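The structure appears below as structure tokens.
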Amino acid sequence: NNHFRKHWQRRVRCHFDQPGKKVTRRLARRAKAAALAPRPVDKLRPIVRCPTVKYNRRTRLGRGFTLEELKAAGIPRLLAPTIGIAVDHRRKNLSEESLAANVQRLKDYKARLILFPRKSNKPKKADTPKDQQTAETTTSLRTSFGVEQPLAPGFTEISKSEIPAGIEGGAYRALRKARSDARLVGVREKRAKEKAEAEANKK
Amino acid sequence: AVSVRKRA
Amino acid sequence: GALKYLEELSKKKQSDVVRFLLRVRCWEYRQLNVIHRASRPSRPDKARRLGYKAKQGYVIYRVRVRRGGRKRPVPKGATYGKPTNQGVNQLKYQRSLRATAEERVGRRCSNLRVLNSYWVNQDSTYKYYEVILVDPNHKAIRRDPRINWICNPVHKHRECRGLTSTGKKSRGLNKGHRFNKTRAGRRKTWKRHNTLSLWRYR
Amino acid sequence: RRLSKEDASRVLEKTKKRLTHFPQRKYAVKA
Amino acid sequence: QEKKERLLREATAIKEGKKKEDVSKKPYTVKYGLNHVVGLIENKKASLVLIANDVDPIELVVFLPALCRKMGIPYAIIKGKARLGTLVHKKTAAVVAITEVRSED
Amino acid sequence: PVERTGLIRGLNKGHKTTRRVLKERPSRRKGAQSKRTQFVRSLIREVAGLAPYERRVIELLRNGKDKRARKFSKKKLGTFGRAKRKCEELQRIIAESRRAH
RNA sequence: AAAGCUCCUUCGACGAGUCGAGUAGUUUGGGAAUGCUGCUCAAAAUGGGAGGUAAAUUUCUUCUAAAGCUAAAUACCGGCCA
RNA sequence: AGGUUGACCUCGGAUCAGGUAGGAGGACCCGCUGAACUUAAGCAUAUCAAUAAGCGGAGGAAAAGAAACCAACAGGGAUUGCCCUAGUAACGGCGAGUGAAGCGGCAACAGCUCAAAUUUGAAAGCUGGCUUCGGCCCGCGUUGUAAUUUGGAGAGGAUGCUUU
């Protein structure tokens, strides 16, 4: 099973420039950090759940926060990209839990944010006071605001007094019954409509 | 009357 | 606005008024030259929605192109290799007559930049298009931030590279599963799939 | 044939308002 | 020119602390421009509509008699888009309209 | 919204979450008819008239050959749904004309 | 003078020989589900597209085409410097 | 004077005033067009290959790009690139063979502009010429140049604080 029937030698890509590219990327990262000092080098990202039944067990970082999250955190959508927060207009909040988690994330970021004034002579009420501007800072939001619990805890202790009773009939019986009900949802409804029609015809 | 939008 | 009424009127191309106007305009454009300047667009709503403005530096050029298929220029129209099971009468050009018209109009006015183009009329022999062109050297164009992107040298001859609307349509630059081979560039994707990657610590 | 500096730096009125009232701020995050 | 003296007079008024409405009166002019006249007809503000007979392309004004008949606007087709342009200080005017005139007229 | 059963299979399968009600996105307003759009389309319709295939479907519906009109509309347009909608609006046109007359 | 936030009775325009259909050529893993082009027909207003087996009926989920701009990570047997 | 005097529209002329294009290079990039040797026992499907040759067009990158997307989940969320998916799904005479994509981890991240609205209590917009550098003219333009709006919304209201 070797696919060497075309002119493969014309487009062989060797990777001897891997350490040179790593050095170039590190130089670009340090230049970006020096240009963006004292701000962090990257934007804040929300915690989103991976799609599909294979990966829904694990959460990760998303593209940006939703407008509902920004509104509930009290951050205007025009101020948000100017203070290092990423905004994603396509994403929606279909449940309360992710909305509350991202709102709490934005609230912690807002509480830990230090906002320098536009002019040093005239500080506004929304800006950080000069005596409070001096504090230890972080430059990696991916590390400081990372995914602390990507997976649920797979090990938990309960007492035997509070053990669950269990579903009646058994879990395997419950799964078989659910599958059979899903496969027979339509036929039972049609027979119910037929019985209702017979009752209406000959009540 | 047909109005395109509300007018100030 | 009247352009909404012009839009809904131009949707009904088989009504009596639109058929009469299309017939008389077909006769006039067939009597005129193959490529000629239009003083004003014949479809102002279509030109305006495609990006035309009534500003110095915007011009309209009308063009007719012979319609039908493409014939391979071999002597006596016969191929002398392996049999192809088909004739040259059923070969199809992979780009549009609109794109061919855009290239011919650009070669007629090489100092301008082709913005977009639109169908105006057709008959059995020709299809008729009107092409909007922008002057990259006009001060009114260069001072407008909505259009001075076309003054950059990267936008030279968009119609020759397929950067116009019909060019993107022919290149299949659409998102989705139906455009897997062509959404990022067909030959680039083919090279990416057929290249062999050999890392150092393999 | 390159565009002049002022023509390249021209912005629209809406963009001018957005840059006037919401520019890129200087900020820091506590650790 | 008349706009220049009007703006100069309004500038003097706002310099000595009066509103522009205190020194300037409500204007009464012939309404023109195709989109403007179509909007006035749709809002039933135009009292009279004059449409040029030689508009090329004809689709710009081919619906205007029917629009005026639906909205109950008195309309008339007249000869000369250049003749209307002489009214509106232009070379060409496809359609003009009167919404209101003065009490003397 | 209906509550999920919390099982991996069956009806209403999936992990239990508190579903939200959300304000309708303005991108989903497309297809809703506007007052100005209705007025403009009605005026353009009475100015321009009908297409020849539309007149053919009109006379077929006047004769009462509904299946033949549906087949001709499908042949002219391409899809059964577009044919059905075209036949419905032409029947509405016939009804409006007969209620006018 | 412009600008943002909060709430709302109401309004809320959104790209046509275009989408789509048939047919022919070509292409594709998409010779049952691909894209492009030519010819013929040719749309609509909660409409339209998609949901990889053809069709009718009833639903559901996603977006919003036929106008346009935009750095970076990517490529480099040409040129220059090392 | 009315057989006159003009206003527009369209089409021309000028060694008119001011500009622009051609050719080179083409390693990489965007398209068009397009083989055969080879591999299939031979050989018109196929493979080579949507390659070589030929043609048009750019730049330091080009192209693509902010969903008429993926999905079917507790939902992800512009484009590009690497690893993986995976030699898998799938396609294929008489079989030699061909062959993706979603998710996932990473690199890098950046968002937006028009048409469809009447400024109508005032084309507020712009090219060119002359300048005493204050401006003044010839004009373009209402068959629509400015401000505002782009679906993430917005328009109209109500409300009380903030911003330049």
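Protein chains in written order, with the working numbering: chain D, 14 to 216; chain P, 19 to 26; chain B, 354 to 555; chain W, 5 to 35; chain X, 1353 to 1457; chain Z, 118 to 218. By construction, the Cβ of each residue, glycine as well, lies at the ideal position given by its N, Cα and C atoms.
- Here residue 127(D) is not near residue 35(W), since their CB atoms are 8 Å or more apart.
- Contacts with chain X at 8 Å (Cβ-Cβ) include residue 355(B).
- In this structure, residue 119(D) sits away from residue 161(D), with a CB-CB distance that is not shorter than 8 Å.
- When Cβ-Cβ separations below 8 Å define contact, residue 70(D) makes no contact with chain W.
- Taken in chain order, the members of the stretch 85–115 of chain D whose beta-carbon sits within less than 9 Å of a beta-carbon on chain Z are 105, 106, 107, 108, 109, 110, 111, 112.
- Between residue 1449(X) and residue 1400(X) a beta carbon distance of about 7 Å is seen, short of the 8 Å cut, so the two are scored as contacting.
- Proximity of chain B to residue 1390(X) at the Cβ level (cut-off 8 Å) is accounted for by 354, 355, 358, in chain order.
- Taking a Cβ-Cβ cut-off of 8 Å, the neighbours of residue 1387(X) in chain B comprise 354, 355, 356, given in sequence order.
- Residue burial annotation: residue 144(Z) is exposed, with fewer than 16 other C-beta atoms found within 10 angstroms of its C-beta.
- DSSP, reduced to helix, strand and coil, places residue 214(D) within a helical segment of the structure shown.
- Interface annotation, residue 367(B): in contact with chain Z, CB-CB separation under 8 Å.
- Under the three-pair Cβ rule at 8 Å, the stretch 460–470 of chain B does not count as touching the stretch 433–450 of chain B.
- For residue 507(B), the three-state secondary structure derived from DSSP is helix.
- Residue 1436(X) and residue 1427(X) have their C-alpha atoms roughly 15 Å apart.
- Across the set 214(Z), 125(Z), 149(Z), the C-alpha of 125(Z) shows the shortest separation from the C-alpha of residue 65(D).
- By DSSP's assignment, residue 551(B) forms a beta bridge with 27(D).
- Contiguous alpha helix (DSSP H) elements confined to the stretch 127–201 of chain D occur at 154–157, 184–196, taking only those with 4 or more residues.
- With a cutoff of 8 Å on beta-carbon distance, residue 133(Z) and residue 142(Z) are scored as not near each other.
- Here the stretch 1376–1386 of chain X does not lie against the stretch 174–188 of chain D, with fewer than 3 beta-carbon pairs under 8 Å apart.
- Taken in chain order, the complete beta strand (DSSP E) segments of 3 residues or longer contained in the stretch 354–394 of chain B are 388–391.
- Runs of the alpha helix (DSSP H) lying entirely within the stretch 1390–1429 of chain X and spanning at least 4 residues, in chain order: 1416–1423.
- By the rule that beta-carbons nearer than 8 Å mark a contact, residue 167(Z) does not touch chain X.
- From the listed residues 136(D), 52(D), 39(D), the smallest Cα separation to residue 151(D) is found for 52(D).
- By the neighbour-count criterion, in which a residue is buried when 16 or more other Cβ atoms sit within 10 angstroms of its Cβ, residue 482(B) is buried.
- The C-alpha of residue 1421(X) lies about 20 Å from the C-alpha of residue 214(Z).
- Judged by DSSP secondary structure, residue 483(B) falls within the beta strand (DSSP E) whose first and last residues are 479–487.
- Sequence-distant Cβ neighbours of residue 135(Z) in its own chain, meaning closer than 6 Å and more than five residues away, do not exist here.
- Bridge pairing for residue 34(W): 150(D) [DSSP].
- Residue range 1447–1450 is occupied by the beta strand (DSSP E) that includes residue 1447(X).
- The Cβ-Cβ distance between residue 30(W) and residue 158(D) does not fall below 8 Å.
- Between residue 1412(X) and residue 1386(X) the beta-carbon gap is near 6 Å, inside 8 Å, which marks them as a contact.
- The stretch 190–208 of chain Z and the stretch 399–410 of chain B do not touch, with fewer than 3 CB-CB distances between them shorter than 8 Å.
- Taking residue 1395(X) as reference, the option from 1430(X), 1451(X), 1371(X) with the minimal CA-CA separation is 1451(X).
- For residue 74(D), the enclosing beta strand (DSSP E) starts and ends at 72–74.
- By the beta-carbon neighbour count (other beta carbons within 10 angstroms, threshold 16), residue 1453(X) is exposed.
- With 16 or more other Cβ atoms inside 10 Å of its own Cβ, residue 470(B) counts as buried.
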